[PDB]
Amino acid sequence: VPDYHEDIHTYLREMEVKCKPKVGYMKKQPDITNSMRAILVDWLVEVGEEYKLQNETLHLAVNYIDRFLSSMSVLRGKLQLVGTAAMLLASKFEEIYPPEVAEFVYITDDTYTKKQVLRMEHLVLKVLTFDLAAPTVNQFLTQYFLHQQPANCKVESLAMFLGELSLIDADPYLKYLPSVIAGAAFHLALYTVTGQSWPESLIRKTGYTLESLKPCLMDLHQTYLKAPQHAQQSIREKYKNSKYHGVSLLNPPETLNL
């Protein structure tokens, strides 16, 4: 039973435009690269699994990192301190009871002290101007799922899987807004599992034609094909579990017919 789903979906579309990371930010970072970012984000996936965190906590942490790295220059020896701080803040915002700070220090193999993590948390807050309720691919995917006919567990878990893979690679996926990635993810899960397409209901609601989703749907397809060969494997392993209906073992379509 909705009443303001339309209001919320409108408002989330306003916010994602304002809470968007600067697209070409890694070119202006002297010491760090997209490949370093891929390792950090992948480590955060393992931290989530180890501490039984929410998939949304992950999405928010990556958004914090990308926004912080958009305005502050960071050296490689401090990139993990930024990420830990991001995850601690995303945990305080989204989890009922977040892990203690002591735990966030132990996951870093005591590279940083409790002092430094607490200090970065404060710097991250200041840089982000306390704006932590950011729209995520995970959020839009949850809304989009209400337009399934009918509901399918494999579609949902597959859509999520493809949505998380986009978090690893800034190299294409920072030019797409969360809503667009969520759309590409949703179509590709639907198509692979049941042969269905991006539904008419969502075309009218979002204003995204399947054709407008094509550029993003292409990149995500390649990623899905290349996934088992990627340098980073934490997300594939995570989605091999029975709690996500083993969606990562499934065979990607060879073509998309667009």
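Heads up: residue numbers just count along the shown sequence, starting at 1. In this text, rigid core is short for the largest set of C-alphas that superpose within 1.5 Å between two forms.
Participant: Determine, for 177-185 and 148-156, which one has C-alphas that on average lie farther from this form in 8 other deposited structures of this protein; superpose on the rigid core first.
Facilitator: If we average over structures and residues in 8 other deposited structures of this protein, the farther stretch is 148-156.
Participant: On average, are the C-alpha B-factors higher in 223-231 or in 36-44?
Facilitator: That would be 223-231.
Participant: State which stretch shows the higher mean Cα B factor in the entry: 66-74 or 187-195.
Facilitator: Looking at the record's C-alpha B-factors, the answer is 187-195.
Participant: Reading the B-factor column of the entry, which of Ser91, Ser179, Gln116, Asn152 has the highest value at its C-alpha atom?
Facilitator: Each of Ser91, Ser179, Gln116, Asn152 was compared by C-alpha B-factor; the highest is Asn152.
Participant: Going by the recorded CA B-factors, say which third of the chain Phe140 sits in, lowest, middle or highest.
Facilitator: Lowest third of the chain for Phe140's C-alpha B-factor.
Participant: Would you check the entry's CA temperature factor for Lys175 and let me know if it's in the chain's lowest, middle or highest third?
Facilitator: As the PDB entry reports it, the C-alpha B-factor of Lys175 lands in the middle third of its chain.
Participant: Ordered by C-alpha B-factor within the chain, which third holds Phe130? Give me lowest, middle or highest, please.
Facilitator: For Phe130, the deposited C-alpha B-factor lands in the lowest third.
Participant: Sorting by Cα B-factor within the chain, modelled residues only, which third would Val23 end up in: lowest, middle or highest?
Facilitator: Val23: CA B-factor falls in the highest third of its chain.
Participant: Would you please rank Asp109 by its C-alpha temperature factor against the other modelled residues of its chain and give the third it falls in: lowest, middle or highest?
Facilitator: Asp109: CA B-factor falls in the highest third of its chain.
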